Amino acid sequence: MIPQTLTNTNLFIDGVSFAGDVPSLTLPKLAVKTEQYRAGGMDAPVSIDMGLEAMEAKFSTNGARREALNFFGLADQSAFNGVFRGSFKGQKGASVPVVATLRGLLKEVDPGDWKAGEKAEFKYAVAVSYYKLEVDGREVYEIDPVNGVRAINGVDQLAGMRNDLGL
Amino acid sequence: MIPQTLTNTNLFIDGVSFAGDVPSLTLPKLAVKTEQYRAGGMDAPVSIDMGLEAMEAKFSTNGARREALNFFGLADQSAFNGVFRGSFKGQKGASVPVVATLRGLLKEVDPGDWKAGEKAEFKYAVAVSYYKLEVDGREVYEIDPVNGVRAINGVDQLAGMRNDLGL
Amino acid sequence: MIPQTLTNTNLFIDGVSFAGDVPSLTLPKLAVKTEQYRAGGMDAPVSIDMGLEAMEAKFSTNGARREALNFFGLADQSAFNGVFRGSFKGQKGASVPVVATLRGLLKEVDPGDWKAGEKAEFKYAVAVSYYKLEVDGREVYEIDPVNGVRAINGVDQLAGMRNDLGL
Amino acid sequence: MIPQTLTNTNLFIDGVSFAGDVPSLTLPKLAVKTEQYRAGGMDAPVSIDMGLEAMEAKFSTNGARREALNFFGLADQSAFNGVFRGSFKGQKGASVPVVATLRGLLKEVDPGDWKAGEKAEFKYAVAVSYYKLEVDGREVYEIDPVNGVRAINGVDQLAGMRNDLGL
Amino acid sequence: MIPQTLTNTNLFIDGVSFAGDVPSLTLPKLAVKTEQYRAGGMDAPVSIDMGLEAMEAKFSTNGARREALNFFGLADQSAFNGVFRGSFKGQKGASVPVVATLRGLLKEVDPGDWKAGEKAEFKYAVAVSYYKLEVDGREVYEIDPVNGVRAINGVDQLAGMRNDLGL
Amino acid sequence: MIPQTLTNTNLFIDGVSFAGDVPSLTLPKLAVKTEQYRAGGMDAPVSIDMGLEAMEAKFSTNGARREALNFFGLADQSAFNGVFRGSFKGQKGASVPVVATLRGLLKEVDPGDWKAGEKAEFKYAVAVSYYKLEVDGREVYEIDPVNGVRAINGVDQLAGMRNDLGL
Amino acid sequence: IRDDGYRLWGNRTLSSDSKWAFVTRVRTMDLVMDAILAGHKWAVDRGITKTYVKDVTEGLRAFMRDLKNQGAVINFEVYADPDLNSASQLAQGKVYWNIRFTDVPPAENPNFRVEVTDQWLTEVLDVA
Amino acid sequence: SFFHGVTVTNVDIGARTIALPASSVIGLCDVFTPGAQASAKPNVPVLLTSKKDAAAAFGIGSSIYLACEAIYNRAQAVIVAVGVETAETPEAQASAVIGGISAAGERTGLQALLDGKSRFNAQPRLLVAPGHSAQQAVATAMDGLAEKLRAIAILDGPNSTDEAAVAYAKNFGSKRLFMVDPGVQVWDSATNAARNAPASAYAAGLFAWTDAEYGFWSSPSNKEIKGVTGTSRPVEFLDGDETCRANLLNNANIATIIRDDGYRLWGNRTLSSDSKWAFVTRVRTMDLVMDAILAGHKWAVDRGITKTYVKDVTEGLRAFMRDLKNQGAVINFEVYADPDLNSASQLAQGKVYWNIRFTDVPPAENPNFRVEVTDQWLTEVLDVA
């Protein structure tokens, strides 16, 4: 392979670009909910899946930025839309985009300490109700809890439970 | 956008200015009270809102400052009024004010360690019973728990529950 | 065998899907009515069967859900129909459906405590007048008290008493 | 469906609003009085209905609140009127009201333990003599024991027994 | 002695192995039916035996497992056969098998609560009509209520009552 | 002995080589599940074994690397195969390979903070369902929980419990 | 049809095309778009940036999975038209999208194939 | 036109025939008449999943459909069926069931079952020619095609005596052959009497049913043939070192049908002259351990040889072989790359070798009860004691 690393990030909240004031992004940690399964005739657990964990995407701005402050605590959950973008560089110069469109509830706004000479950072966190990760313009993840979809290469892994539940 | 950052803070307790002795401010962390909601026909939680969390604004002085010491522990809760102000600078020189009028109970006074050569810092914390955040002179937040109001762009998000409860 | 566990549930009341708001299901506990039988020439009881116990299936919703509230206390007992579905996962990925069509009287509606920030859960319970459990689309149980049928693999165990009673 | 959950409650006793001091409500548990019916030619009981159970609605205040203390133990039973209200939120922001007008006898006042630093909670309980549950402004339940009415969708289920008894 | 402890369990229902999905076993509690016997010339009871108590062996699976579901409630009582096996380890590494062949009526199937992310456990219970416990391949217990046999080291303790009753 | 130390690592996920972008590997921590055993006639516990703990192997990439992102959260658990390789150097120049083929469920994908100038590291973690460690091309460990195998020098330690359970 | 004039009965519209036979097909296609349009009124202003065409698709897919959720459609498909999004079209303000979906079919004709047998004439009505 | 509302229709349909859905595929070849409602060209294989799909492609009065009804009463199996047209003389009929490449370039008869995969993704693991495998020429074309297609051909003898079955079973010493001699006597609804049936299709429906519930390593040798009312000859399973008819035919490597109005297929020896390949358990397990190994390692024919190509196949082969030890197909396999024959001159040609030794589960062919009547417990009871 080629040594490849992120060099640049961007954020689109509602189509508006945050191309001056987002120092840090955080994509949601996709964790499956394992239960360590030890049963008869075996000495070690085996970790069956039980569904996904709850996803939170957090991000920080350090200006005022009403274009992200006005999405806190709306009555409409899953109305914060948002696109986390990253450019992964690579040694040969072939920049690969990593774009994570996501949707949910902006669940906490954390204006930190305001010291005078120190940079003040508004920390936000969203409660992700839809998540699609595209790498090099190709769908890697697509997670929609309601309308239960877990696509991993465009392949919906929950077609098994969908016919079982009659969904 | 323009790279924008806080450069200066100020504090008004009861109209009196603390323009010499407040090294740090902290606006209240607005967190919505999410419950991770996993139910039938879905593999991941979805985080319904359950109302806001409790708001605390904390701030520190490091002189004596009876004009903030005399508001601790009054019989009248929500009698500590207070205005947290910030000036966010911006690269082009357009300073944007961030002013957070708030009201509540000054709930702890924390005089720290008093070493001789070291700066001694009185840490305070208020229990916020009313909170309005204005950015560039425009109402972003307005949270009043009693008389249940949660305005996010001047738009009261709790008009739905207000007619349901007959408030 | 393969380590196999439920991952997802669903509920159909009258064909309507509860695919957003059923956090817990409970299939009816099939208990046979044993009497501990100690008699002549023996030191220990032996537990003859005396028929089945009464079956209750209970389930909870935590929204309003008139589509289940409107089946309480009808004059027509055994008019609550209902399908409890489950998807049992398995380690190799072969999801096995467990579907329990059942019919009876919705006998109690239990709206619990209504605290403000806390999730409110309507607990229901039905009095099961017909019960068929299919596992992997194959009939395991079929219990119909009136028209006395107790099928265990498609094999009606009560054909013995049916000819004795002239049913 | 949409994931829907209560977020807020309210209480009206005699038109007066308890919009500051009711931490918990409890609607009456509607249970039908089943008798497990096992008879000839059948192996399992079938649970015929025998009427409704006795309804109690309980609620707590934790201030003094003479506007609910003055309804205990009156000579006029069924003189405590009262409206339990709830706002069920929903993910898309469509708040659905659940309003339960009820009438009966305030049958116990339970001032709990009074410790100094601990919140003191007056627990009340009413003996419900009339109960109407409206969900989204639509009549779900209407139970009036005297003048025997059990309406489940506006449909009086006791019209059968009413003509039989000549009521 | 050597510190010795169970490390592993297994279950055979009808020769089929449950070597993936039995998290818990329970051998039947062998209790003798004592009556506290206080009589003339004595200050304390003395607990004469009156025979054995009723034996129940219970076990749980947490997959679907029709190979144990299809033995509930058959017309043939004492047709559930079953072998509970355990491996007791020991500090020096000498694993001692504890194998309990048993026979009876599978008297209750208890599918518990079905929450989505939570492991769902089918709890079963059998009504033991024959029980033989072998430890290190040597008969410890052998209890057959009909054909009254209570062997404790291969020694039938009920040879006394067998000749008295003419069995 | 000779002073010997790792100098280089490699990773094969599904035969594809990650020879440019895996900065850190972590083999699963093999811990036996001890219970501290204190009993009669002894002053100190003695720690009997109760089987192995649950194994997790974690590893990080810091490019995009769909060839590891596409194995998260599949329906097929134990479908992530993977080979962790290490080269332990030694002072005299005799490089000893340490190769750990393993198999399981890729249970969490943790894209960390995305700051602009900072290297962004995708942290992964697998839930190990099979583990074989070869050192100098010789089998040290072989752990397969289902089909209970714990080989320590090619010697299966669980042959004792295998005959006891009839596996 | 019944019971002192009780129930409206047909569901075919007056169309000469079997693709548009049911009013379910005509009403769903008509009111999938009226929910799509009233909900994307921001796409007639908001001058074309780079991610204009991407923010409409993810907006169109989001207001279309709300329709698959409540049962209006079954497994939609929304994508920007790759062959007709020129830059000569984009200077005129035109930009195209493709919003394929499948409508739910009405249960127009349930068919009962009923038979009277003498199969269970021995299984009961006998000494057995 | 159409209809709106609910129709009711009085229509006779005959008493549904629920069976476990099986994954095994069956190659079938028998006679039918190409007519109007029979929507099948003669020497063209068609994939079948239903009795309706068998009676829509072939006639309901055909001999294909009677063979397909014989399978669908026991398993809901996939059947690649080739409807060979009828002919006058049995020399020309056996020549048409065998078939060949005698077309322009097409494959006819049994040879069209080699086209079962790549036409339908169903490579037939069971080969049956009901009523035609009694001829020695067809049963050799069954043999050589079961060797190619890696299947078990299910033969049948004639309607005649036991000695005509034994002398016909001495014509074959082949591993892939499984003779079931006594025909099935099945009750015909039309004539209201018991029609004969050649019993090869009833074996193949049970052979594929055993793969569903019990797995392919289990023997079909005591399972229940459904939809049958008796055999053509009464077959006699008795004991005592006797000339039992069930024991005479098993020692000629023929399976029979033994009890209860023709209830259970009985033998489990194949027609092999080698005691290493005596049981069909041995032949079917080795055949379908590899079909799970191959279909599952299709990535090893592309994927040009890197350094860890040979290591990633072994750990892939061991992983798809501990899944077989888990469910009980084998017991303690052994997979390793062949150290003596993996040259680099072989590797330039793309050849690379592996060794996949395993042990099959033995069938409980002969349980032996050594029963004795004693007077030992004549004093322990029946006494004052």
# chains A, B, ... in the order shown; residues from 1 in each chain; ligands from 1
call {"tool": "residues_around", "arguments": {"residues": "residue 97 (chain A)", "least_positions_apart": "6", "cutoff": "8 Å", "atoms": "only C-alpha atoms", "output": "number ranges by chain"}}
result
A: 85-88, 135-137
call {"tool": "select_by_dssp", "arguments": {"residues": "region 25-135 of chain D", "states": "helix (DSSP H, G or I)", "output": "ChimeraX atom specification"}}
result
/D:66-69
call {"tool": "interface_residues", "arguments": {"of": "chain C", "to": "chain E", "cutoff": "8 Å", "atoms": "only C-alpha atoms", "output": "ChimeraX atom specification"}}
result
/C:1-9,23-34,36,41-49,88,90,96,98,135,140,152-153,157-158
call {"tool": "residues_around", "arguments": {"residues": "residue 33 (chain G)", "least_positions_apart": "3", "cutoff": "12 Å", "atoms": "only C-alpha atoms", "output": "count of residues only"}}
result
18
call {"tool": "interface_residues", "arguments": {"of": "chain H", "to": "chain F", "cutoff": "9 Å", "atoms": "only C-alpha atoms", "output": "list in words"}}
result
residues 308, 309, 312, 315, 316, 322, 323, 325 and 326 of chain H
call {"tool": "write_last_selection", "arguments": {"atoms": "N, CA and C atoms", "output": "short mmCIF file (atom, residue, chain, number, x, y, z; two decimals), in the first residue's frame"}}
result
data_model
loop_
_atom_site.label_atom_id
_atom_site.label_comp_id
_atom_site.auth_asym_id
_atom_site.auth_seq_id
_atom_site.Cartn_x
_atom_site.Cartn_y
_atom_site.Cartn_z
N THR H 308 2.22 -15.43 0.79
CA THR H 308 1.31 -16.08 1.71
C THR H 308 0.04 -16.56 1.01
N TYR H 309 0.14 -16.95 -0.26
CA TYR H 309 -0.99 -17.60 -0.91
C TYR H 309 -1.22 -18.98 -0.34
N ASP H 312 -2.58 -18.70 3.29
CA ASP H 312 -3.95 -18.23 3.40
C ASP H 312 -4.96 -19.23 2.87
N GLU H 315 -5.13 -21.98 6.16
CA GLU H 315 -5.95 -21.44 7.23
C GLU H 315 -7.37 -21.16 6.78
N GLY H 316 -7.59 -21.02 5.48
CA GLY H 316 -8.93 -20.99 4.95
C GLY H 316 -9.50 -22.39 4.85
N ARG H 322 -13.18 -26.94 10.29
CA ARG H 322 -13.63 -26.94 11.67
C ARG H 322 -15.10 -26.57 11.79
N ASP H 323 -15.69 -26.00 10.73
CA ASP H 323 -17.14 -25.86 10.66
C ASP H 323 -17.78 -27.21 10.39
N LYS H 325 -16.27 -30.18 11.45
CA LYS H 325 -16.10 -30.95 12.67
C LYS H 325 -17.07 -30.48 13.74
N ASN H 326 -17.49 -29.21 13.66
CA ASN H 326 -18.42 -28.66 14.63
C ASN H 326 -19.79 -29.31 14.50
#
call {"tool": "interface_residues", "arguments": {"of": "chain G", "to": "chain H", "cutoff": "10 Å", "atoms": "only C-alpha atoms", "output": "MDAnalysis selection string"}}
result
chainID G and resid 9:12 107:117 119
call {"tool": "atom_distance", "arguments": {"atom1": "CA of residue 122 (chain G)", "atom2": "CA of residue 257 (chain H)"}}
result
28.3 Å
call {"tool": "interface_residues", "arguments": {"of": "chain G", "to": "chain D", "cutoff": "12 Å", "atoms": "only C-alpha atoms", "output": "ChimeraX atom specification"}}
result
/G:63,66-71
call {"tool": "atom_distance", "arguments": {"atom1": "CA of residue 128 (chain H)", "atom2": "CA of residue 250 (chain H)"}}
result
20.2 Å
